[PDB]
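In the form solved without the ligand, a lone chain appears below as structure tokens.
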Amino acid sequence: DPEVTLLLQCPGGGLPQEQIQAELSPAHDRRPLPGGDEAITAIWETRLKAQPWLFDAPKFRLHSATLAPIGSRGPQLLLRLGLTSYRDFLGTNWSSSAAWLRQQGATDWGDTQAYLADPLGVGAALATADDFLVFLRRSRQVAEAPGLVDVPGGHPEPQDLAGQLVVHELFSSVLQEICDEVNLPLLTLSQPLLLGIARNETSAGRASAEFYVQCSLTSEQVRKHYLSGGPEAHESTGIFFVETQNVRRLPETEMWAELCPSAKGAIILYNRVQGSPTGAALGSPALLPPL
């Protein structure tokens, strides 16, 4: 699967909010472009003169994420975060010249991402009370991944001592994105666990935090809530459900070719971190069928 690479696989079935540290520092920002950030300003002007209703917004930037030695006490993950914007994204990762910026970054900084906005996404493996995962169909008229299958999520907007507020906003934002798009009450949702981080190589390597969230509603109740919002209550054009039993082999299905890279990330990390049992009981042949 060349369009998705794993940057991080979390231990212990995934990490809760209280085991994660963030360092938010201008040392983690994008470097100025070799010929100057004028090239980003020019792309943005051009775009606004065709779509003057467009607006900029701040975004978290992912620099790096370091996992502690496995089995250790205390904080298990450090996220190194800077700040970027939707505009910087359109001028770098989304640019036709994005691969040239990656080569220049390797040459100048020994870092393929040095000249890339790399806004941090969030996504969810969202499971129902009757053991299905939730999928969404993207409109065929949007710019990115048109007509492809997605999972719930988005790109959160800002606002360990500013760090703990930043971790809270990341965990908060994946629940908020589930409530906005799927139309579920917040009180039907578990506290998220971080499964890992996945990079979209089709979008010059921008990364998404992938989370596990459990809903106390069944697939049929989830569908009712989604539909009862009406066409204007969601950006997706449909919802559907796959048994967690069948998610195990989704990479061998015809569905796999229709999944956008960030949704492939969420499913690979779900299969490695929440799937793949380690113990004698869940590992027995009758409960873990071979092939």
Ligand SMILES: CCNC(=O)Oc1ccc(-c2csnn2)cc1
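Heads up: residue numbers just count along the shown sequence, starting at 1.
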property	result
Residues of the deposited sequence left unbuilt between residue 160 and residue 159	10 or more
Residue stretch of maximal mean CA temperature factor, 141-149 vs 179-187	141-149
Comparing 207-215 with 71-79, the one whose average Cα B-factor in the PDB entry is higher	71-79
CA B-factor placement of residue 271, once the chain's modelled residues are sorted into thirds	lowest
Record-listed C-alpha B factor of residue 105: chain third	lowest
Modelled-residue ranking by C-alpha temperature factor, third containing residue 29	lowest
B-factor third for the C-alpha atom of residue 91 within its chain	lowest
Among modelled residues of the same chain, the CA temperature factor third for residue 246	lowest
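Although not depicted, the form deposited with the ligand bound is the subject of the following passage.
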item	value
4.5 Å heavy atom contact, residue 235 to the ligand in the entry with it bound	yes
Proximity of residue 153 to the ligand in the entry with it bound, heavy atoms at 4.5 Å	yes
The ligand contact in the entry with it bound: residue 139, any heavy atom under 4.5 Å	yes
Option from 189-197, 217-225, 175-183, 101-109 whose residues, in the entry with it bound, bring a heavy atom within 4.5 Å of the ligand	175-183
